[PDB]
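Quick notes on the structure that follows.
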Amino acid sequence: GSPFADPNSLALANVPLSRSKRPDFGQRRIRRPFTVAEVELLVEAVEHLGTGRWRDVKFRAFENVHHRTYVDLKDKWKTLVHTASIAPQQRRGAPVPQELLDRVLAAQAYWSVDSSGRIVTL
């Protein structure tokens with residue numbers, strides 16, 4: 001007395017599996033050297049807004065100096081960020097302090113998703 005024409009579903013098990021991946025590299029056009037002051041203000045302009053309107057960047061940065069263009073500033077930061085994030089041997093930018101790379105990197109991640117760190121546990 002058994003059933004007929006049934007699906008006979010299995011228990012459905014799970015097997016182990018690994019995962020592999022690889023980073024990426026690149027190179028942009030030839031840029032020009034910047035000043036600690038110009039970079040500081042420039043970074044603060046794009047950082048102050050994180051990733052919204054470039055107009056506020058050019059205005060916040062310095063609406064008086066010999067600025068270039070909204071996108072110019074935004075793009076400038078993005079580029080410096082990639083170079084400050086890439087490998088050390090490849091990170092051969094202008095003679096600037098690590099702070100610049102720390103502010104651009106930290107901010108980039110801060111506005112990215114959540115933040116950068118999760119290592120310290122006071």
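Residues in the structure tokens are numbered from 1 in each chain, the chains being A, B, ... in the order shown, and ligands are numbered from 1 in the order shown.
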
Quick one: residues within 6 Å of region 60-72 of chain A, only C-alpha atoms counted, chain neighbours fewer than 5 positions away excluded, as a PyMOL selection string? chain A and resi 41-42+45+54-55

With N, CA, C and O atoms retained, could you export that selection as a PDB file, in the first residue's frame?
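That gives us part-v4.pdb:
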```
ATOM      1  N   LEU A  41      42.347  72.173   0.118  1.00  0.00           N
ATOM      2  CA  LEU A  41      41.089  72.845  -0.187  1.00  0.00           C
ATOM      3  C   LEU A  41      40.277  72.047  -1.202  1.00  0.00           C
ATOM      4  O   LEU A  41      39.061  71.907  -1.068  1.00  0.00           O
ATOM      5  N   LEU A  42      40.958  71.524  -2.217  1.00  0.00           N
ATOM      6  CA  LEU A  42      40.301  70.737  -3.254  1.00  0.00           C
ATOM      7  C   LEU A  42      39.618  69.511  -2.658  1.00  0.00           C
ATOM      8  O   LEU A  42      38.462  69.220  -2.965  1.00  0.00           O
ATOM      9  N   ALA A  45      36.613  70.366  -0.667  1.00  0.00           N
ATOM     10  CA  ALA A  45      35.508  70.767  -1.529  1.00  0.00           C
ATOM     11  C   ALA A  45      34.664  69.563  -1.935  1.00  0.00           C
ATOM     12  O   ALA A  45      33.439  69.585  -1.822  1.00  0.00           O
ATOM     13  N   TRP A  54      28.983  68.919  -8.123  1.00  0.00           N
ATOM     14  CA  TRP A  54      30.339  69.420  -8.317  1.00  0.00           C
ATOM     15  C   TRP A  54      30.383  70.938  -8.177  1.00  0.00           C
ATOM     16  O   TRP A  54      31.419  71.509  -7.836  1.00  0.00           O
ATOM     17  N   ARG A  55      29.253  71.585  -8.442  1.00  0.00           N
ATOM     18  CA  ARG A  55      29.164  73.037  -8.347  1.00  0.00           C
ATOM     19  C   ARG A  55      29.570  73.516  -6.957  1.00  0.00           C
ATOM     20  O   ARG A  55      30.316  74.486  -6.816  1.00  0.00           O
TER      21      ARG A  55
END
```

Shell around region 103-112 of chain A at 12 Å using only C-alpha atoms, local window under 3 positions removed, as a compact mmCIF listing (two decimals) with N, CA and C atoms, in the first residue's frame:
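Produced file part_7.txt, reproduced below:
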```txt
# COMPACT_ATOMS: atom_id res chain seq x y z
N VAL A 39 45.59 71.16 -2.74
CA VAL A 39 45.05 69.82 -2.55
C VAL A 39 44.12 69.76 -1.34
N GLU A 40 44.55 70.38 -0.24
CA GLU A 40 43.76 70.40 0.98
C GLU A 40 42.38 70.99 0.72
N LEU A 41 42.35 72.17 0.12
CA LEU A 41 41.09 72.84 -0.19
C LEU A 41 40.28 72.05 -1.20
N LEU A 42 40.96 71.52 -2.22
CA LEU A 42 40.30 70.74 -3.25
C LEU A 42 39.62 69.51 -2.66
N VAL A 43 40.34 68.80 -1.80
CA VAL A 43 39.80 67.60 -1.16
C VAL A 43 38.61 67.94 -0.28
N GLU A 44 38.72 69.05 0.46
CA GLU A 44 37.65 69.49 1.34
C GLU A 44 36.40 69.86 0.55
N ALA A 45 36.61 70.37 -0.67
CA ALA A 45 35.51 70.77 -1.53
C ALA A 45 34.66 69.56 -1.93
N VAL A 46 35.33 68.51 -2.41
CA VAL A 46 34.64 67.30 -2.83
C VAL A 46 34.22 66.46 -1.63
N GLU A 47 35.00 66.53 -0.56
CA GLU A 47 34.71 65.78 0.65
C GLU A 47 33.52 66.38 1.39
N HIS A 48 33.50 67.70 1.50
CA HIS A 48 32.42 68.40 2.18
C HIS A 48 31.06 67.93 1.66
N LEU A 49 31.01 67.59 0.38
CA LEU A 49 29.77 67.13 -0.24
C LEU A 49 29.81 65.62 -0.49
N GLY A 50 31.00 65.04 -0.36
CA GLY A 50 31.15 63.61 -0.56
C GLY A 50 31.04 63.22 -2.02
N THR A 51 29.81 63.17 -2.53
CA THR A 51 29.57 62.81 -3.92
C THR A 51 28.19 63.28 -4.38
N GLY A 52 28.01 64.59 -4.45
CA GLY A 52 26.74 65.15 -4.87
C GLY A 52 26.88 66.07 -6.06
N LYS A 74 36.48 67.57 -9.15
CA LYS A 74 35.95 66.24 -8.82
C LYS A 74 36.82 65.15 -9.42
N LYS A 76 39.90 65.43 -10.40
CA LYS A 76 41.23 65.53 -9.80
C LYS A 76 41.32 64.67 -8.54
N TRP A 77 40.30 64.74 -7.70
CA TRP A 77 40.27 63.97 -6.47
C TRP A 77 40.17 62.47 -6.76
N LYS A 78 39.23 62.11 -7.62
CA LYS A 78 39.03 60.71 -7.99
C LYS A 78 40.34 60.08 -8.45
N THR A 79 41.08 60.80 -9.29
CA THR A 79 42.35 60.31 -9.80
C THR A 79 43.37 60.13 -8.67
N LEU A 80 43.54 61.18 -7.87
CA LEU A 80 44.48 61.14 -6.76
C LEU A 80 44.13 60.01 -5.79
N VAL A 81 42.84 59.70 -5.69
CA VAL A 81 42.38 58.64 -4.80
C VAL A 81 42.83 57.27 -5.30
N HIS A 82 42.64 57.02 -6.59
CA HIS A 82 43.03 55.75 -7.19
C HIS A 82 44.53 55.53 -7.06
N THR A 83 45.30 56.59 -7.26
CA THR A 83 46.75 56.51 -7.16
C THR A 83 47.20 56.35 -5.72
N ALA A 84 46.42 56.91 -4.79
CA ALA A 84 46.74 56.82 -3.37
C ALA A 84 46.23 55.52 -2.77
N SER A 85 45.46 54.77 -3.56
CA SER A 85 44.91 53.50 -3.11
C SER A 85 45.67 52.32 -3.71
N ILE A 86 46.11 52.49 -4.96
CA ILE A 86 46.85 51.45 -5.65
C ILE A 86 48.08 51.02 -4.85
N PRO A 97 52.32 64.72 1.68
CA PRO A 97 52.25 63.91 2.90
C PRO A 97 51.19 62.82 2.82
N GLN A 98 51.36 61.78 3.64
CA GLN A 98 50.42 60.67 3.66
C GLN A 98 49.03 61.14 4.08
N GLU A 99 48.99 62.21 4.86
CA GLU A 99 47.72 62.76 5.33
C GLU A 99 46.75 62.97 4.17
N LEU A 100 47.26 63.54 3.08
CA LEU A 100 46.44 63.80 1.91
C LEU A 100 45.78 62.51 1.41
N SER A 115 32.24 52.84 6.29
CA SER A 115 33.50 53.43 6.73
C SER A 115 34.66 52.47 6.49
N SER A 116 35.87 52.92 6.80
CA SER A 116 37.06 52.10 6.63
C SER A 116 37.75 51.84 7.96
N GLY A 117 37.87 50.57 8.32
CA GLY A 117 38.51 50.21 9.58
C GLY A 117 38.00 48.90 10.13
```

If you run DSSP on the backbone here, which positions in chain A get helix (DSSP H, G or I)? Please write them as a VMD selection string. chain A and resid 36 to 49 54 to 62 70 to 85 98 to 112

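Between CA of residue 91 (chain A) and CA of residue 56 (chain A) the separation is 28.8 Å.
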